[PDB]
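What follows is a single structure, written as structure tokens, with notes after it.
No value in this document is a laboratory result; all are computed from the given coordinates. Cβ sites come from the backbone with ideal geometry, for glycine too, and all protein chains shown count toward neighbours.
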Amino acid sequence: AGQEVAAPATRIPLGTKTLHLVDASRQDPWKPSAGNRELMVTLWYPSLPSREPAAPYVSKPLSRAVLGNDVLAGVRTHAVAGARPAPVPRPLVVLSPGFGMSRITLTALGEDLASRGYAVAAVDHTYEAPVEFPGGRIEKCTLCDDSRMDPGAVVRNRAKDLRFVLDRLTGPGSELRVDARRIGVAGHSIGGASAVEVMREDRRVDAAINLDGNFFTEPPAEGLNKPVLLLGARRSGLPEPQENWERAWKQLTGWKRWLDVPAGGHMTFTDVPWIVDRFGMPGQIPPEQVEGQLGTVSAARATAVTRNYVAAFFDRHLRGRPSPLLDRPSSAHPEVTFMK
């Protein structure tokens, strides 16, 4: 193949580690018979140079579980497994995927943020996606098959997942030393609502991005005065999602922006456009769903818009860097509109 994830913003060397974390303070909320809440996490970070080849996107078994076949195992990333971290502890961005979707689907965003100088942690929430644990154990999205799934509950328990990841990563003998003074959280769809929710619950979190997830939990009565970017797809012409973000907008009382990608899809903010366009089986997404999930924004543009607007948000709030992308239309990104 020689096929790779989209080229990251810079050429600094990147490392990656995968962590199996077990939160022994909580029983698993969805499958308590399995015992404690465990999480798989992927780290991406500025590293020292390595001559080792870069890690694969995914194993053969997890590619089968995610896509239906092993093709994505042939795709390489740009981060070297186990590389020694660069010297200065870096600001942390924690990432959470869409419901039913693997954390690997935020690899292009994660690597790009790492190449811009962030420590990045993408988090899988067990039984809410296919997830690979040590010893080849693959757990399935068992909640995907349940009409009794409450999305508010998912958000509340994901808030607890992410607070625990912060405890591990900011704590003594963290596997990666990070600058705990500067913490951002972003997520896709329900992970995006979860990103805002954990910021609401956790003082350590400084700024949050919701990439196109409806809110499912009731707001705080006084409001949330920390920085939030709402970045959606097709909400200019979807009444119920727009209304949902209209309700959320009035209870955001600090720095805030609401951006839309009218011709994009729900999956524009992930690796899925690139996965489907380059490696999709015929009908990978049913013909009728393509408008809603991908729209017309190409894999390249989906990846670049997401990276550039996510980085601009975190650079603004964590690294003291301005960006005109956050304040007015960009002729380099005609796909992006301002809703407020």
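Here is how the numbers come out for the structure above:
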| item | result |
| --- | --- |
| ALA1 surrounded by fewer than 16 Cβ atoms within 10 Å (Cβ to Cβ), under 29 Å from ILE285 (Cα atoms) and of a type in the set (A, V, I, L, M, F, W, C) | yes |
| All positions within the range 29-53 that are of a type outside the set (S, T, N, Q) and crowded, with 20+ Cβ neighbours inside 10 Å | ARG37, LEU39, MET40, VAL41, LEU43, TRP44, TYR45, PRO46 |
| The range 248-277, residues that are among the charged types (D, E, K, R), more than 16 Å from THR337 (Cα to Cα), surrounded by fewer than 24 Cβ atoms within 10 Å (Cβ to Cβ) and under 21 Å from the mean Cα position of the chain (by Cα) | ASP277 |
| Meets criteria (of a type in the set (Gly, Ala, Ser), assigned to a helix (DSSP H, G or I) and farther than 21 Å from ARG235 by Cβ) for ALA300 | yes |
| Check on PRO29, touching a residue at least 24 places away in the same chain (Cβ under 8 Å) and either in contact with an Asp or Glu (Cβ under 6 Å, 6 or more places away or on another chain) or on the phi < 0 side of the Ramachandran plot (or both) | yes |
| Residue in the range 233-247 that is within 22 Å of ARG328 (Cα to Cα) and not in a helix (DSSP H, G or I) present | yes |
| Among the residues listed as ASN210, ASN214, the single one being crowded, with 17+ Cβ neighbours inside 10 Å and out of contact with any strand residue (DSSP E or B) (no Cβ under 9 Å at 6 or more places or on another chain) | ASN214 |
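Here's the yes/no breakdown for (1) closer than 21 Å to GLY2 by Cα; (2) touching a residue at least 40 places away in the same chain (Cβ under 8 Å); (3) touching an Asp or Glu at 6+ places or on another chain (Cβ under 8 Å); (4) assigned to a loop (DSSP other than H, G, I, E, B):
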site: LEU39; (1), (2), (3), (4): no, yes, yes, no
site: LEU43; (1), (2), (3), (4): no, yes, yes, no
site: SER63; (1), (2), (3), (4): yes, no, yes, no
site: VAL80; (1), (2), (3), (4): yes, yes, yes, no
site: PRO87; (1), (2), (3), (4): no, no, no, yes
site: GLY100; (1), (2), (3), (4): no, yes, yes, yes
site: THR105; (1), (2), (3), (4): yes, yes, yes, no
site: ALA108; (1), (2), (3), (4): yes, yes, yes, no
site: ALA121; (1), (2), (3), (4): no, yes, no, no
